[PDB]
Structures are given as structure tokens and as C-alpha cells.
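Before any questions on binding or motion, here is one chain by itself as C-alpha cells, the form deposited in one PDB entry.
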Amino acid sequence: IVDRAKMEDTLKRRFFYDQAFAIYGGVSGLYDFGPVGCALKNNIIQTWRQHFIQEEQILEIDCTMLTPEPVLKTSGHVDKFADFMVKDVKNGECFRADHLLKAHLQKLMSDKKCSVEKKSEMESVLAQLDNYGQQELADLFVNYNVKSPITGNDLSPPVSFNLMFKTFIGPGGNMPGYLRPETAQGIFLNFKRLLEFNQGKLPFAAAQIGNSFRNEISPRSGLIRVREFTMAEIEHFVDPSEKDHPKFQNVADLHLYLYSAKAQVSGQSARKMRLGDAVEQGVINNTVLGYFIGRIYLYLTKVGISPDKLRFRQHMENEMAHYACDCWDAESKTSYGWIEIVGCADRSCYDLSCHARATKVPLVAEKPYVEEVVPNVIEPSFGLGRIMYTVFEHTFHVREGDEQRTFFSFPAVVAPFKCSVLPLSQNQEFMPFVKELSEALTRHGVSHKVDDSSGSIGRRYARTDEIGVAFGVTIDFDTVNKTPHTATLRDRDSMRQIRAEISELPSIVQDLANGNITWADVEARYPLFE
């Protein structure tokens, strides 16, 4: 139960992100990222690269964002990629029917005058919103008589709204284009060149880390709903008859919350199963999908997401994407309820085929005389924007001190900079120490910054914790005058300190950040400091 308000204030004050074109009134769905935001955003992407691209030796390509209409028409986006929109007959004001109806029912279930018999009924409606097609939503909008949230006017019937941005490539109108709503397509149009890289055998995964555009109808979720964001997508091309992953046993012992399609249609809750048992009992189709669900869980967890607030929900029969036949979304529980931050879909083979036909260009591989096959693809899609935000709410805390200080418990691999070196005097008495410590840290690969801000050592850290800095080393006079020269090591979360020689701290902070040593261990080997 995080206090969004108080948090958003800290994220904007320290400038993690903020409204884009603020001095012009701003634009919904558009935000800019400040220094700290970029540092944290870059750490997440780098962590992702090591976790997937590096770990699975994935190929990398960087395709264009502009796309000629024909390409997206063949993919089915020009037809099925949209959201149901509604608007009051009085003025323009557009709203995403899907969500509005969801916010309306929550208002009715909240009202005490609501009977248990109804509150229950409405729950069955919400837990099946992504299914209700064109007509079905129209009925609910009439049954519950939904009306504009503000100055409640009459709402027009629900209609489709293509979420792709429109443009024109080159002078004239002969070539109408769009801004890619996803990156996947780019990888498909380059399947042959990519297939050639792996000698021609399967499986093999291609990846992309670029920006995608979504002309979202009415964004009101901060960074959760933007019309422009960076997403990392992997296209795991596997043979339809070989949907088995060799490394699955690496994540078979993971206990994570699964919310199958059945559990949703049978009105029951999500179960916390073992990834292996899940694949066994037929819950999770194959092991390829299961391996990725594990890799995903691990990544999100390693970045800072809370396990007790993370679950994988399976799509419904008619909730499926136009290009999918099965999918599982990694949802994180936030102040906006459960929201998908990573979509692991199973586009059986809808893409290579469509493009193959439309262009009469064959896109297949061969196996052992020899047979050709159309590669089935499992696509783990990461929304680096939502993942970062979820980290904010899952690590944001308010110190128990009356000063109402806040801080983020960012893991050591995502925090802006691991250590914060802050000395009392910046004269030539401490420089000999600050200098060596700063370089000793660098040799250990520990990102840091020397503090110069004004205020007491206690306030000096209050600002460091605010942006989530993992550790801190205080160099006082006793560090300079006394001998051996010892400095103070401070832990962000607990605020507890330690006193050790200023020459051993480097390797220590390195193990604390690398996860080789526990803060408990530190308090066990070295003398405590109040």
C-alpha cells in the first residue's frame, strides 16, 4: 500500500522523470527523464542485457521505427490493433471503454449500499474484461448505464480505435506510414539473414531494444501509460515439434504465483506453484515458455520487484492478441492494481507466414531426408518503462522519523550509484583519503560520487537515500588524525553503520553490492559504530 502522491513528488523533485513540455501545459502520456532517471534506466537495460542477451547468446538488431503501411497491414495491426473508445455526446472527450467500465464497477462495489449478491456479480465481470468484445461491452455500458466520469454526460457506444500513429514518408501521400507499436516485426522481416547466422539450425533468438509508439487513448497512469516508451523484445524461434528448453531445469524449483486462464474463468484465485510442477500438470504448455517465465521472474526480482506482488496471468480465449494463440503476462501489483509489465506470448507462427505470403518470399528452416518447417516463436516482451515504475512503488519507503524523509531500497545493480563517499572537510587533509578511496572503488568497479552538499552528515545522507544510493562511507577527522585510519560504512536501508580501515572498505562494499556478503556479515566481522 504505497502512497503514490508522496512518491511521485520525490521522483519529480530529484528529477527521475517529469512532465514533457511542462512549460507548455504538458501532454498526457509524455514524460522526460532526468539524470537520476537515466542512470537507473540505463542500469535496468544493462542488467537485462546480461540476463537475456548475454546469458542466452541472443542476436541483436536495431530496426527503424517508421514503417510503411503495407508492413503493418500484413501483420494485422492495421486491423486488430486497437482499443474500444467511448466519448460523451456533449463534447469530444474520449475514454478507453475497457477501463472506464472497470472504474465504474469499482465505484459501485465500494458503495456500502451495494449488496453482497451484486458486489460478487461485478467481480465476475471485471475478472473477464479483456474478453468482452465489441457488442458485449456495449451491453455492460447500458446495463450499468455508464456515463462520463466528469460532469457525467451521456456516453456514446464503444468503438474500435487504432492505437498506431499515422504519418507520411517522403513528400506527397503515395507512401503512408506508421510508428511501430512493437519491434517484433523488424526481426521477422530479417528472418533469413538472422537464420543464416545460426548456420540454419533451430532454435535461435533475436532481440531488439528500441522505442515503440502507442497513440494511447486517455493516459492517466503516469509512467504506466505512455504514448512512447523503450521496450526490449526477444523472438525465440523454435521448431513446433521441439518446444522443449534444455535449461528449464535451472528454474524448475521456482515457486511463483500462477493465475491460469481456468482459475479466471472458474472464479477461483491464483496458485503459488513450482515452475516444474506447473509444466507437468499441463498448466504451462511447454518448457520453452516455462524457462522464460522463470528467467523473467528472476530478472524482475533481481531488479527490485517484490515476489509477494508479482504473478503470471494467462490470457483468456478471446483476450488473445491477434498474433497469438497463448500468452502469459508478468503482472505486478501496484497502486493501479495488477498491471502487465512483461508479456510472454506464443505466436505459434502467425508472423513469418503472413509476411511470407504477402511478399511471396519463403521464410522457413529445415531439419533432418530433410524437412522444412515454419518456426514457432515465443516472444518475451519487456516494457522497461513499467518495470522501472514497479520498482519505484516496491522499494519506496518513508523513514520512521518525523521529518518524513523517504528513500528507495534499490538493489545494488540498479541504484544510480552503489556507494556515496562523503567527507566532513574537503580541505587538503581529507583529499589524500577521499582520492585513494575513490580510485580504490573504481578499481573494484563500484560506481560512486563524492558528496559536497551542505548540512550535517545526517542530512547529507538523507539526500543520498532519497535517490536510493546503496551504501555510504563517511570520512571524518578520526579517519585522518587517528591511526589506523578508519572510516564509517553506512547501510542505506537500516542506516546502521560500521567502522573499518579506509583501505578495506573498498573490497567490502564490492562484496556487499555484488551480493557476496550480507550486511549482517559486515556487522559480524567489524566493530559497530553508533
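Each residue number is its position in the shown sequence, starting from 1. Here, rigid core means the biggest group of C-alpha atoms that superpose within 1.5 Å across both forms.
Although it is not shown, the form deposited in another entry is what the next lines describe.
Here the two forms are overlaid on the core, and between the shown form and the other one the C-alpha of 501 is the only one among 466, 476, 501, 56 to shift by 2 Å or more. A displacement of less than 2 angstroms separates the C-alpha positions of residue 244 between the shown form and the other one, with the rigid core held in common.
Relative to the superposed rigid core, residue 485 undergoes a CA displacement of at least 2 Å between the shown form and the other one. Relative to the superposed core, residue 447 undergoes a Cα shift of 2 Å or more between the shown form and the other one.
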